[PDB]
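K.L.:
this one's sequence-less:
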């Protein structure tokens, strides 16, 4: 879906999506993303899967849903669930990231 359904269109996440964003253009270099993700708690291995499943647009840079996905996604492996979206859209627990 879209950010909307993602969380009734909660920009709260945008705050984070921008935290990783580098420069002053308004785009996530992605690289930084991995930085913010690593701030989760999960390993790089399990993470890799997230990114893999994340990356889709093409360019390293991240997007909306994309990033908004890998985010909650981390909360997936956080419970020991799958790392693919195929196992997403469930009642996964809360991540480690800040509130």
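P.N.:
Looks like it arrived, so ask away. Numbering: from 1, shown residues only.
K.L.:
How about the backbone phi and psi for the residue lying farthest from the centre of the chain?
P.N.:
In the chain, residue 24 marks the outermost C-alpha relative to the chain mean, sitting 20.7 Å out by CA atoms, centre = their mean. Note on residue 24: backbone dihedrals following degrees, to the nearest 10 are phi -130, psi 60.
K.L.:
roughly how far apart are it and residue 18?
P.N.:
Computed as CB to CB, to the nearest Å, the residue 24 to residue 18 distance reads 11 Å. C-beta here means a position set from N, CA and C on the backbone, and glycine is covered the same way.
K.L.:
can you pull out the helices in this structure?
P.N.:
3-6, 12-20, 31-38, 44-54, 65-77 (DSSP state H).
K.L.:
Out of those helices, which gets nearest to residue 88?
P.N.:
helix 65-77 (6.3 Å; CB to CB).
K.L.:
For the closest one, buried residues please.
P.N.:
Within helix 65-77, the residues that count as buried by 16 or more other CB atoms under 10 Å are 65-77.
K.L.:
Distance from the chain centre to stretch 33-43, please.
P.N.:
Relative to the chain's own centre, stretch 33-43 is displaced by 9 Å; criterion: CA atoms, centre = their mean, to the nearest Å.
K.L.:
oh, and call the first residue 49 from now on, that's how I've got it
P.N.:
With 49 as the first residue, the last one maps to stretch 81-91.
K.L.:
Can you report how many residues neighbour residue 68?
P.N.:
With neighbours defined by other CB atoms under 10 Å, the count for residue 68 comes to 19.
K.L.:
pretty sure it contacts residue 87?
P.N.:
No. Between residue 68 and residue 87 there is no contact, the gap being 9.4 Å when judged by CB atoms under 8 Å.
K.L.:
Can I get the helices of the chain in a markdown table including distance to residue 139?
P.N.:
What follows is the helices of the chain, written out as a markdown table (distance: least, CB to CB, whole Å):
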| stretch | distance to residue 139 |
| --- | --- |
| helix 51-54 | 15 |
| helix 60-68 | 18 |
| helix 79-86 | 21 |
| helix 92-102 | 18 |
| helix 113-125 | 10 |
